[PDB]
Structures are given as structure tokens and as C-alpha cells.
């Protein structure tokens, strides 16, 4: 393996068929805000991972492009197909489409831009990760479309100026950088102050497990898309982050519609924090709490 790699996880199950809104999407309250958020239409998430099955039935209509920054496929930059499975799983939790079967993501009208920066074994060079971040920031679509969210479920032990500068470049250019905060060897980039660091809980809101986190989301028994047009149930710290990345698409639409202006990445971060409900551990352990997308509606007009 190369130095930066996927935070370890467990495969619970693989199935060729599903038809449900996964419970993770349901208990972070995504369906409650879908109408007001237009399901994340108009936002694009750069998924920095192992690639994606581009013609997966739940995902094909949501992918707007991609790039391969790894040596895989002889270094062909137009081939971001998934030779691991993990990047396909991430993509589904973010933005699997409503198709009448399979699964549905947190933001089922957001667009995905697939950045394969990990090789088939789930590892990559620090420089690949730094370049993936800068690429995401700098990319422009045909009509000047850009990404405002990037998500990673990876870490490496080394603090390098190249990688930290990339993260600074992203947030200074109003891109939210989501990384899973997991188990030292996986410290960076999640440890950087600029990053929205996500921890995991199970569906009973118990912590999965010094990490400096901002928020928790579902990470146990998470069903999503996988290779060969089928599905897999994974459990790990890194299963949480993709929920937050889809949530950000919904929240930027919610907040900018409310405020009637463009909001900075600082302000978007506050709007995410706004929508976290403490479970009742300490903030050192759960950050701001559990992602609860409809919280603002519930507190409105509620006075002492």
C-alpha cells in the first residue's frame, strides 16, 4: 500500500438487489428537507476516492464527470471507473437517484464529480490527494458549473505543506472539505483545522470510535451502491462522512434560499453545525452532535 489510504472498514454483506431509502438517510432527516432543498439540485460533490461504477443504475444519471489522478488504467485521466468498490459506495450515500428501486442518497438530485485519487487497493500518493483537492476547486463545467463540496474517507500519517496548502486553497475558495475522522496512521487531512471532520455512530446513536470532530453521522450497517450494479452493507468510521457531504448540498440550497445571497464556506459550516443535535456525550466525543437536517424548523418560535 501507498501512504494515504482508506480508513478501515468492515464488509457486512453484498447483495445484487435492494429497494429502500437506507435508514442512514432517513434518520439524518434528509427526506424532511428534500422539497425545500430541491434534493440538492444545482450542487456538485467531488468524491475523492477509488473511482465509481459510472453506469451503475442508481448513479449513472447523477455523474457529471470525473478524473483519474492515479497510475491505474495506465494513467488514463478519463477512466475513473471503480476497481475497489468503496468509491461507488460513497457515491450512493451522497446522491443515489430515486429510480423506483435500489437505494437513494442524502442528496438524490445533486451531481457527482468522480475524482479517482486512490488505486484499486484503496491507497494513493499524498500528491494525488493534494492534486485531487486543487483539481476539484479549479474544475469548471461547460456553463461555468463548479463544486462547492468535496468528500474523502482517507488518511495518511504525514503532515505535509503540500496537502495542507491544498485544503487551505479549497476553503479560501469556498469549498467545504469533508473528511472521515478515523482509526495516528490516518490523521491527515482530517486533523487539519479547516476540514469538516466527521465521526460515526450506530442507529441507536452510540459512538463507534483525541480525534477532533465537528459532527457525527451514521456509520454502522450502511447499505449503498457497490460494484457490478449491486449493493453492499459496510460498517466503519468512514461510512459517516458521505452523509455529511450529501447534507451539505441540501444545506447550501436551504440556506442560500433563506438568506437570498451567496454564503461563504464559514457560513455554510455554521449552517451545518446549526443542524446537529447533541446526543448527550461531550463535544470532545461527538462534536456538535448528530446530523439532524430538520432541526431549524423544529426550534423556530420555541422560547423559554
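Positions refer to the first chain, counted from 1.
Compared with other deposited structures of the same protein, residue 208 meets the criterion of being unmodelled in at least one third of those that resolve residues on both sides. Residue 158 is built in all of the other entries compared, counting only those with both neighbours built, so it is not a gap in a third. Counting the unmodelled positions of the deposited sequence between residue 183 and residue 184 gives a gap of 4 to 9 residues. Where residue 77 is followed by residue 78 in the displayed chain, the model omits none of the deposited residues that would sit between the two. Here the stretch with the larger average CA B-factor, out of 102-110 and 159-167, is 159-167. Checked against the record, the higher mean CA B factor of 113-121 and 141-149 lies with 141-149. Of all the options 176, 210, 193, 93, the entry's greatest CA B-factor is assigned to 210. Residue set 29, 49, 55, 267: peak C-alpha B-factor at 55 (per PDB entry). The entry lists a Cα temperature factor for residue 199 that places it in the lowest third of the chain's modelled residues. Looking at the C-alpha B-factors along this chain, the one for residue 9 belongs to the highest third. When all modelled residues of the chain are sorted by CA temperature factor, residue 271 is found within the lowest third.
In this PDB entry, residue 258 carries a Cα temperature factor that places it within the lowest third of its chain's modelled residues. For residue 288, the recorded CA temperature factor ranks within the lowest third of the chain's modelled residues.
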